[PDB]
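First, one chain by itself in structure tokens, the form deposited in one PDB entry.
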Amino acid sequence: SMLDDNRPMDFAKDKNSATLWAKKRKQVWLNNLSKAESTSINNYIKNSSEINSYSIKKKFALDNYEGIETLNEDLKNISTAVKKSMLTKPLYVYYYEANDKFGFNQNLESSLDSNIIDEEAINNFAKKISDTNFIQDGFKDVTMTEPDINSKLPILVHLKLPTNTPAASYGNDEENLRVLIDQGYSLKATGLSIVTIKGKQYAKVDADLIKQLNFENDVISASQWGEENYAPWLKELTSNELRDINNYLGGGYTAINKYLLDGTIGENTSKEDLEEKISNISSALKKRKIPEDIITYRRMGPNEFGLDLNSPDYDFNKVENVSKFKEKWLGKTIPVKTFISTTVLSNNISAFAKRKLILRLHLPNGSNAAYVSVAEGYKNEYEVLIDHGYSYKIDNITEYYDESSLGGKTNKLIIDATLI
């Protein structure tokens, strides 16, 4: 408290004061902890990687995936624990980072001198980290001061945690103490420069810890947001807009998106009938722009990335195929001719349970899209339908293993993208 009030914003290299500051708040914090919270924080110290990987499994799973009960409690308890340790004022924190957490596949090390960052590489890196909110999965533990030792990693992240961030002081090494940050945040870069540490150059990413609107498994908040923001939208629909949205949603999407993609027409119908429907849906989707940045999701089929169900390249159980996919698509901009059916929940969908490509889309304020599930007849649905003719900017690709039978017992790819 006295030292909470008198501490700097950035401990920089003062790890003495940092550990002192850390020490009291550490003691006081755990005396607010239930037995379950202490043991869950202890579980995080012992195997953070397993807990964090599980948080990913769980949030992307099917609805009645019951998973592993211990890790469920761990996920719940770590979160309440750190929420009892909120920052009184901003805190800068530090960690070395791998380029794939920025979706960057180019080597930053110059080929001439390993102590020196490559100029063209870091210029490409500057572009890649711009205009992107980098979602951070699981809990993120960090350090209070600029590292004083080598890393095999190319990047140093200098991250600004805002006031009231759940950020608990913890660890075993009681000099060099760590900071445990709650789930649910993203990274937004605020600057880039080269920093020399122990004779070696690293790419220093200055960034802010920000919180994006991302419902993940929270159906109640999702439903409430949809209702609040798109109930008036549903009112303003012309009878033909309502009809053709409902037609699309009830199965018309198959012929409509097929036509938009490459002009295929069934012998049953006509160009004019398809165009009219596309006209009505698209005019509808322009009537109330997305009111705030939101994260939304899509179970994508292989065709959306030029693959077939039986393409060798679609076997992500092989590391080489994940690498190929990352090399092909990271940093790319992909035109999307179709309307985009998305769901604001991270939950898997039964009809699409085995699709291996999971879009995690940053949908900006101002996008021509609507929460169409406000309409009558879409209970259990949480869809945001996006207008045709936008593009995906591919920001990251993150593999995880869906171990479930219904999910397909396969590696899947979380494809972080920005709608442009």
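Note that the rigid core is defined as the largest set of C-alphas that superpose within 1.5 Å between two forms. Residue positions are given as counts along the sequence shown, with the first one as 1.
Omitted from view is the form deposited in another entry, to which the following refers.
- Summarising the superposition on the core between the shown form and the other one, the listed residues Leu213, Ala231, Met86, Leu261 contain exactly one with a Cα shift of 2 Å or larger, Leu261.
- After superposing the rigid core, the C-alpha of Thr190 moves by less than 2 Å between the shown form and the other one.
- When two forms of a protein are overlaid on their rigid core, residues whose CA moves 2 Å or more are considered shifted, and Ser111 is not one of them between the shown form and the other one.
- Remark: with the core as the superposition reference, the CA shift of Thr163 between the shown form and the other one stays below 2 Å.
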